[PDB]
Amino acid sequence: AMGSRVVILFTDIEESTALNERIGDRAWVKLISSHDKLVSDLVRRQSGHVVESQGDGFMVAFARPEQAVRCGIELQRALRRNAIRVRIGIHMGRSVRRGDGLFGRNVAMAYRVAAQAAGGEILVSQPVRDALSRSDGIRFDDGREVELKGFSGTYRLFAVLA
Amino acid sequence: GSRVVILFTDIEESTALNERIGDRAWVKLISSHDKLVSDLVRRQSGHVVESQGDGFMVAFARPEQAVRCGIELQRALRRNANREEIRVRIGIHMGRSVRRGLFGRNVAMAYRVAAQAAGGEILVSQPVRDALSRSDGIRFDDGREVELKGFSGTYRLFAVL
Ligand SMILES: Nc1ncnc2c1ncn2[C@@H]1O[C@H](COP(=O)(O)OP(=O)(O)OP(=O)(O)O)[C@@H](O)[C@H]1O
Ligand SMILES: Nc1ncnc2c1ncn2[C@@H]1O[C@H](COP(=O)(O)OP(=O)(O)OP(=O)(O)O)[C@@H](O)[C@H]1O
Ligand SMILES: [Ca+2]
Ligand SMILES: [Ca+2]
C-alpha cells in the first residue's frame with residue numbers, strides 16, 4: 001500500500017513491571033529518564049529518529065538497515081557497561097506516515113520481531129538479514145522459523161552476533 | 001506523582017485485522033476510531049495522553065468520568081458493528097503516577113487490567129469499583145481474582161455490567 005520504505009527499530013525492556021515494583025516508582029522514574037537520554041543520544045549518532053516513546057521502550061526510524069543494527073549494537077554494549085536488559089527487533093518495508101508517526105502491518109511486524117528477542121539480544125527480519133549479507137562487520141546467526149501473532153505462515157528471524 | 005484515573009484501550013487482534021483489510025483501509029479505520037474515542041473522552045472532560053499503536057492511554061480526574069466514557073465507547077462500537085468490525089478491551093485503574101512531559105507502576109497496572117479484559121468488556125481495579133459502588137448508571141459483577149504479570153499476589157478485577 002502507500003508509504004515509503006523505512007527501517008523500524010523497536011526496543012522493549014525485559015520484565016519492567018517486576019523491576020518497577022522492586023525498586024519503586026521514584027527509582028524507576030529516575031532510571032527510565034536516564035535510559036531515555038541514553039537511547040536518544042545513540043539514535044542520533046546513527047541518524048535515526050525516535051518516533052514514539054512507549055512506557056517500556058521506543059520505536060525508532062532509520063533510512064538504512066546498517067544504521068539501525070549498528071545503533072542496536074552500540075545500545076546493547078552501553079547497557080551491559082552500566083550493568084536493565086532490553087530486547088531489540090529490527091524490520092524494514094513500506095510504512096504509512098501519519099503525522100510524525102508510523103502505521104501499518106510492518107510496524108506491527110517490527111515490534112513482533114522485538115518481542116521474540118531475548119534480553120540483551122538483537123533480532124532482525126529476513127529482509128534486514130538479506131539487505132545486510134555482505135556488510136563488514138555485521139554478522140548474523142543461522143536464523144530460526146517462528147510463528148508471529150497476526151501473521152499467517154512462519155517467518156525466519158536472525159540474531160546479531162558479537 | 002499526583003492522583004489520577006487511567007483508562008487504557010486495546011483493540012483485539014489488531015494485527016490480524018491489519019493484515020486482512022490492508023494498510024490503506026487500516027489507517028482509515030484507526031483514524032476514525034481515534035476520533036470517536038477522543039470525542040467521547042472530551043465529553044467526559046478526560047484527556048488523551050498517549051496513542052501507543054492500536055490503543056490509547058487516557059487520564060481522568062475522577063473515576064466516574066472514566067467508566068461513563070468506557071460505557072459510551074463500548075455502546076458506540078457496538079452501534080458501528082451493527083451498521084469493519086472492531087472489538088476493544090478497556091481497563092481502568094486509579095492511583096498516583098509521575099508526570100513526565102505518565103509513568104509508574106499504576107500506569108502499568110492500568111494496562112494490565114485492560115489486557116485481562118475480553119473484547120467489548122470493561123474491567124476496573126478494586127479501588128475504582130469501591131469509589132463507584134453506589135454510582136448511578138453503573139453496576140459491577142462480583143469480580144474475579146487474577147494473577148498479573150510483574151505484580152506479586154493476586155488482584156480482584158470487576159466488570160462493568
Ligand atoms: N498490547 C499492548 N499495547 C500497547 N502497549 C502495551 C501492550 N503491551 C504492553 N504495553 C506497554 O508496555 C508496558 C508493559 O510491558 P510488558 O507488557 O512488556 O511487560 P514487562 O513487564 O515489561 O515484561 P516483559 O516485557 O518481559 O513481558 C505496559 O505498561 C504498556 O504501556
Ligand atoms: N510490550 C509492549 N510495549 C509497547 N508496545 C506494545 C507492547 N506490546 C504490544 N505493543 C503495541 O501493540 C501493537 C499490537 O500489539 P498486540 O499484542 O495488541 O497485537 P494484537 O494483534 O492486537 O494482539 P491482541 O489481540 O492480543 O491484542 C504493536 O504494534 C505494538 O506497537
Ligand atoms: Ca517490556
Ligand atoms: Ca491489541
# chains A, B, ... in the order shown; residues from 1 in each chain; ligands from 1
>>> interface_residues(of="chain A", to="chain B", cutoff="7 Å", atoms="only C-alpha atoms", output="ChimeraX atom specification")
/A:1-2,15,17-18,20-21,25,29,54-55,104-105,108,150-151
>>> write_last_selection(atoms="C-alpha atoms", output="mmCIF file, in the first residue's frame")
data_model
loop_
_atom_site.group_PDB
_atom_site.id
_atom_site.type_symbol
_atom_site.label_atom_id
_atom_site.label_comp_id
_atom_site.auth_asym_id
_atom_site.auth_seq_id
_atom_site.Cartn_x
_atom_site.Cartn_y
_atom_site.Cartn_z
ATOM 1 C CA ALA A 1 0.000 0.000 0.000
ATOM 2 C CA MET A 2 1.001 3.656 0.399
ATOM 3 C CA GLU A 15 10.345 -7.527 32.869
ATOM 4 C CA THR A 17 6.873 -4.135 35.685
ATOM 5 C CA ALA A 18 8.614 -6.523 38.086
ATOM 6 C CA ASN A 20 9.362 -1.180 38.834
ATOM 7 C CA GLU A 21 7.678 -2.991 41.716
ATOM 8 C CA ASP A 25 8.396 4.488 41.260
ATOM 9 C CA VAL A 29 11.256 7.209 37.009
ATOM 10 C CA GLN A 54 6.331 3.886 24.861
ATOM 11 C CA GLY A 55 6.276 3.272 28.605
ATOM 12 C CA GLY A 104 0.876 -0.360 9.060
ATOM 13 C CA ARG A 105 1.473 -4.101 9.175
ATOM 14 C CA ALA A 108 3.335 -4.450 13.875
ATOM 15 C CA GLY A 150 -1.494 -11.761 13.478
ATOM 16 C CA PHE A 151 0.560 -13.084 10.558
#
>>> select_by_dssp(residues="chain B", states="alpha helix (DSSP H)", output="PyMOL selection string")
chain B and resi 14-21+23-43+63-82+105-116+126-131
>>> write_last_selection(atoms="C-alpha atoms", output="compact mmCIF listing (two decimals), in the first residue's frame")
# COMPACT_ATOMS: atom_id res chain seq x y z
CA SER B 14 -5.46 -5.64 15.50
CA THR B 15 -2.54 -7.22 13.65
CA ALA B 16 -4.76 -9.89 12.10
CA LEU B 17 -7.24 -7.13 11.27
CA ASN B 18 -4.50 -5.02 9.66
CA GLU B 19 -3.42 -7.97 7.51
CA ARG B 20 -7.00 -8.72 6.48
CA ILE B 21 -8.00 -5.25 5.22
CA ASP B 23 -2.66 -0.69 5.42
CA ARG B 24 -4.73 1.75 3.37
CA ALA B 25 -8.03 0.62 4.90
CA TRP B 26 -6.31 0.17 8.27
CA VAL B 27 -5.28 3.83 8.57
CA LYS B 28 -8.85 4.88 7.72
CA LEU B 29 -10.22 2.68 10.49
CA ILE B 30 -7.83 3.59 13.31
CA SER B 31 -8.14 7.26 12.35
CA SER B 32 -11.92 7.06 12.51
CA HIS B 33 -11.57 5.13 15.76
CA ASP B 34 -9.13 7.71 17.12
CA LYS B 35 -11.68 10.49 16.58
CA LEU B 36 -14.56 8.52 18.08
CA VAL B 37 -12.56 7.76 21.22
CA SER B 38 -11.15 11.28 21.54
CA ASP B 39 -14.56 12.95 21.23
CA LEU B 40 -16.13 10.74 23.91
CA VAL B 41 -13.12 11.37 26.17
CA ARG B 42 -13.55 15.12 25.82
CA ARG B 43 -17.24 14.91 26.56
CA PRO B 63 -13.31 7.57 38.30
CA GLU B 64 -16.96 8.05 37.25
CA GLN B 65 -15.81 10.06 34.23
CA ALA B 66 -13.60 7.18 33.07
CA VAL B 67 -16.26 4.48 33.44
CA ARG B 68 -19.01 6.59 31.87
CA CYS B 69 -16.59 7.16 28.98
CA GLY B 70 -15.94 3.43 28.71
CA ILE B 71 -19.65 2.59 28.65
CA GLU B 72 -20.39 5.15 25.93
CA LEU B 73 -17.42 3.91 23.92
CA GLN B 74 -18.48 0.26 24.08
CA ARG B 75 -22.02 1.33 23.18
CA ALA B 76 -20.69 3.31 20.21
CA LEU B 77 -18.54 0.46 18.91
CA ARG B 78 -21.48 -1.93 19.13
CA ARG B 79 -23.53 0.61 17.17
CA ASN B 80 -20.82 0.71 14.49
CA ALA B 81 -20.59 -3.09 14.38
CA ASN B 82 -24.32 -3.45 13.68
CA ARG B 105 3.52 1.06 38.46
CA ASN B 106 -0.06 2.36 38.38
CA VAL B 107 0.33 3.10 34.66
CA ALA B 108 1.44 -0.50 34.15
CA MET B 109 -1.32 -1.75 36.45
CA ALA B 110 -3.90 0.14 34.40
CA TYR B 111 -2.78 -1.58 31.21
CA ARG B 112 -2.66 -4.99 32.82
CA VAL B 113 -6.38 -4.64 33.76
CA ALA B 114 -7.16 -3.82 30.13
CA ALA B 115 -5.13 -6.77 28.84
CA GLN B 116 -7.14 -9.17 31.01
CA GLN B 126 -10.74 -2.69 43.20
CA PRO B 127 -10.26 0.99 44.15
CA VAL B 128 -12.27 2.15 41.14
CA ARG B 129 -15.04 -0.32 41.96
CA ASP B 130 -15.22 0.86 45.58
CA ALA B 131 -15.46 4.52 44.57
>>> closest_residue(among="A:76, A:47, A:106, A:82", to="ligand 2", atoms="only C-alpha atoms and all ligand atoms")
A:106
>>> closest_atom_pairs(of="chain A", to="ligand 2", cutoff="12 Å", atoms="only C-alpha atoms and all ligand atoms", output="tab-separated table")
residue	atom	partner	partner_atom_place_in_ligand_line	distance
A:8	CA	ligand 2	31 (O)	11.3
A:9	CA	ligand 2	31 (O)	11.1
A:10	CA	ligand 2	4 (C)	8.6
A:11	CA	ligand 2	3 (N)	8.4
A:12	CA	ligand 2	3 (N)	6.3
A:13	CA	ligand 2	1 (N)	8.3
A:14	CA	ligand 2	1 (N)	9.1
A:15	CA	ligand 2	1 (N)	9.6
A:16	CA	ligand 2	1 (N)	9.5
A:17	CA	ligand 2	1 (N)	10.4
A:51	CA	ligand 2	31 (O)	11.4
A:52	CA	ligand 2	31 (O)	9.4
A:53	CA	ligand 2	4 (C)	8.8
A:54	CA	ligand 2	4 (C)	5.6
A:55	CA	ligand 2	4 (C)	6.8
A:56	CA	ligand 2	3 (N)	5.7
A:57	CA	ligand 2	4 (C)	6.2
A:58	CA	ligand 2	4 (C)	7.6
A:59	CA	ligand 2	31 (O)	8.1
A:60	CA	ligand 2	31 (O)	11.6
A:86	CA	ligand 2	1 (N)	11.4
A:87	CA	ligand 2	1 (N)	10.3
A:88	CA	ligand 2	3 (N)	11.7
A:89	CA	ligand 2	30 (C)	11.8
A:101	CA	ligand 2	31 (O)	11.3
A:102	CA	ligand 2	31 (O)	9.9
A:103	CA	ligand 2	29 (O)	8.6
A:104	CA	ligand 2	29 (O)	8.5
A:105	CA	ligand 2	29 (O)	8.0
A:106	CA	ligand 2	29 (O)	8.7
A:107	CA	ligand 2	29 (O)	5.9
A:108	CA	ligand 2	29 (O)	3.8
A:109	CA	ligand 2	29 (O)	7.2
A:110	CA	ligand 2	29 (O)	7.6
A:111	CA	ligand 2	30 (C)	5.7
A:112	CA	ligand 2	28 (C)	7.1
A:113	CA	ligand 2	29 (O)	10.4
A:114	CA	ligand 2	1 (N)	9.4
A:115	CA	ligand 2	1 (N)	7.5
A:116	CA	ligand 2	1 (N)	11.1
A:148	CA	ligand 2	21 (O)	9.6
A:149	CA	ligand 2	21 (O)	6.3
A:150	CA	ligand 2	21 (O)	5.3
A:151	CA	ligand 2	21 (O)	8.9
>>> select_by_dssp(residues="chain B", states="strand (DSSP E or B)", output="PyMOL selection string")
chain B and resi 2-11+47-50+57-60+88-98+103+122-124+140+144-146+155-160
>>> write_last_selection(atoms="N, CA and C atoms", output="short mmCIF file (atom, residue, chain, number, x, y, z; two decimals), in the first residue's frame")
data_model
loop_
_atom_site.label_atom_id
_atom_site.label_comp_id
_atom_site.auth_asym_id
_atom_site.auth_seq_id
_atom_site.Cartn_x
_atom_site.Cartn_y
_atom_site.Cartn_z
N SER B 2 0.94 12.64 41.29
CA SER B 2 -0.38 13.04 41.77
C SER B 2 -1.43 11.99 41.40
N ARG B 3 -2.53 11.98 42.14
CA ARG B 3 -3.61 11.03 41.91
C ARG B 3 -4.26 11.26 40.55
N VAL B 4 -4.62 10.17 39.87
CA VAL B 4 -5.25 10.25 38.56
C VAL B 4 -5.86 8.91 38.16
N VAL B 5 -6.95 8.97 37.40
CA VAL B 5 -7.60 7.77 36.87
C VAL B 5 -7.11 7.50 35.46
N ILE B 6 -6.56 6.31 35.24
CA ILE B 6 -6.01 5.93 33.95
C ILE B 6 -6.92 4.92 33.25
N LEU B 7 -7.33 5.25 32.03
CA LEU B 7 -8.11 4.34 31.19
C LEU B 7 -7.26 3.91 30.00
N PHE B 8 -7.14 2.60 29.82
CA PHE B 8 -6.45 2.03 28.67
C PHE B 8 -7.44 1.38 27.72
N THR B 9 -7.19 1.52 26.42
CA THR B 9 -7.92 0.77 25.41
C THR B 9 -6.95 -0.16 24.69
N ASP B 10 -7.47 -1.24 24.12
CA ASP B 10 -6.64 -2.22 23.44
C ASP B 10 -7.49 -3.04 22.47
N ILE B 11 -7.28 -2.81 21.17
CA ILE B 11 -8.05 -3.49 20.14
C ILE B 11 -7.68 -4.97 20.11
N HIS B 47 -8.64 13.52 29.09
CA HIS B 47 -7.58 13.96 28.18
C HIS B 47 -6.75 12.78 27.69
N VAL B 48 -6.59 12.68 26.37
CA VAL B 48 -5.82 11.60 25.77
C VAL B 48 -4.33 11.88 25.96
N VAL B 49 -3.66 11.01 26.70
CA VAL B 49 -2.24 11.18 26.99
C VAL B 49 -1.37 10.62 25.87
N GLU B 50 -1.61 9.36 25.51
CA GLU B 50 -0.80 8.67 24.51
C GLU B 50 -1.65 7.80 23.60
N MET B 57 -4.02 5.69 25.89
CA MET B 57 -3.97 5.91 27.32
C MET B 57 -4.65 7.24 27.63
N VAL B 58 -5.65 7.20 28.51
CA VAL B 58 -6.46 8.38 28.81
C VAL B 58 -6.45 8.66 30.31
N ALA B 59 -6.33 9.94 30.66
CA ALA B 59 -6.29 10.36 32.06
C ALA B 59 -7.56 11.12 32.44
N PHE B 60 -8.18 10.69 33.54
CA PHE B 60 -9.34 11.37 34.10
C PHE B 60 -9.06 11.77 35.54
N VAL B 88 -12.76 -4.01 21.29
CA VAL B 88 -11.79 -3.26 22.09
C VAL B 88 -11.87 -3.66 23.56
N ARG B 89 -10.70 -3.86 24.17
CA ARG B 89 -10.60 -4.11 25.60
C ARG B 89 -10.47 -2.78 26.33
N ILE B 90 -11.09 -2.66 27.50
CA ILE B 90 -10.96 -1.44 28.31
C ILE B 90 -10.61 -1.78 29.75
N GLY B 91 -9.54 -1.15 30.24
CA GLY B 91 -9.11 -1.30 31.62
C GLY B 91 -8.99 0.05 32.30
N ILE B 92 -9.46 0.13 33.54
CA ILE B 92 -9.44 1.38 34.30
C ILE B 92 -8.86 1.17 35.69
N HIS B 93 -7.85 1.97 36.03
CA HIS B 93 -7.20 1.92 37.33
C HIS B 93 -6.90 3.34 37.79
N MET B 94 -6.91 3.56 39.10
CA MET B 94 -6.62 4.87 39.66
C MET B 94 -5.53 4.79 40.73
N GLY B 95 -4.61 5.75 40.70
CA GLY B 95 -3.51 5.79 41.63
C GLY B 95 -2.55 6.90 41.24
N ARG B 96 -1.53 7.11 42.06
CA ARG B 96 -0.57 8.18 41.81
C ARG B 96 0.45 7.78 40.75
N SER B 97 0.66 8.67 39.79
CA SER B 97 1.63 8.45 38.72
C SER B 97 2.39 9.73 38.43
N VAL B 98 3.70 9.61 38.23
CA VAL B 98 4.55 10.77 37.97
C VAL B 98 4.35 11.28 36.55
N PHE B 103 4.07 8.04 34.03
CA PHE B 103 4.89 6.87 34.33
C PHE B 103 4.63 6.37 35.74
N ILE B 122 -15.36 -4.07 29.81
CA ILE B 122 -14.70 -3.05 30.63
C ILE B 122 -14.35 -3.63 31.99
N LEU B 123 -13.06 -3.70 32.30
CA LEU B 123 -12.60 -4.16 33.61
C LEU B 123 -12.05 -2.99 34.43
N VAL B 124 -12.33 -3.00 35.73
CA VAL B 124 -11.84 -1.97 36.64
C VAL B 124 -11.15 -2.59 37.85
N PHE B 140 -21.52 -3.32 38.78
CA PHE B 140 -20.41 -4.25 38.59
C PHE B 140 -20.81 -5.68 38.90
N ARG B 144 -13.36 -10.97 39.93
CA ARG B 144 -12.63 -12.23 39.90
C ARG B 144 -11.14 -12.02 40.17
N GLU B 145 -10.56 -12.90 40.99
CA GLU B 145 -9.14 -12.85 41.31
C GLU B 145 -8.31 -13.29 40.11
N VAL B 146 -7.23 -12.57 39.84
CA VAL B 146 -6.34 -12.90 38.73
C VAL B 146 -4.89 -12.57 39.07
N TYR B 155 -5.01 -9.94 42.18
CA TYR B 155 -5.83 -8.74 42.21
C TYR B 155 -7.25 -9.05 41.73
N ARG B 156 -8.23 -8.43 42.37
CA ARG B 156 -9.63 -8.64 42.00
C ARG B 156 -10.07 -7.59 40.99
N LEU B 157 -10.50 -8.06 39.82
CA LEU B 157 -10.95 -7.18 38.74
C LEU B 157 -12.45 -7.32 38.52
N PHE B 158 -13.14 -6.19 38.49
CA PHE B 158 -14.59 -6.17 38.32
C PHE B 158 -14.98 -5.72 36.91
N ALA B 159 -16.02 -6.35 36.36
CA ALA B 159 -16.52 -5.99 35.04
C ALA B 159 -17.74 -5.09 35.16
N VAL B 160 -17.82 -4.09 34.28
CA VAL B 160 -18.97 -3.20 34.24
C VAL B 160 -20.13 -3.88 33.52
#
>>> atom_distance(atom1="CA of residue 90 (chain A)", atom2="CA of residue 131 (chain A)")
12.2 Å
